[PDB]
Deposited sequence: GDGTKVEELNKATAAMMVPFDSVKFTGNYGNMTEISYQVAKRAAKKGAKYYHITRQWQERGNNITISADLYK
């Protein structure tokens, strides 16, 4: 129920917070799950991932009501 917006949708909206974290994830479904979990913890209904870095991976996503 906590879903990722595409950039065109997110661009029209105002985020209330963001999440930023690092970890070792099996695939893109797992990355999305990890973001969604942190998003849901913060009361977001949606998110949009804004950064993905190599180093494990580091991910940053904006959160939306």
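No C-alpha positions are given for the deposited-sequence stretches 1 to 4, 60 to 62.
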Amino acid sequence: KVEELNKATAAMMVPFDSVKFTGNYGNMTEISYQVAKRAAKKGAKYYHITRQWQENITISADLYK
From here on, numbers count along this sequence of modelled residues.
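The PDB entry reports B-factors from which the mean C-alpha value can be compared for 21 to 29 and 42 to 50; the larger average falls on 21 to 29. Per the PDB record, residue ranking by Cα B-factor puts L63 in the lowest third of the chain.
In the deposited entry, the Cα temperature factor of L5 sits in the bottom third of values across the chain's modelled residues.
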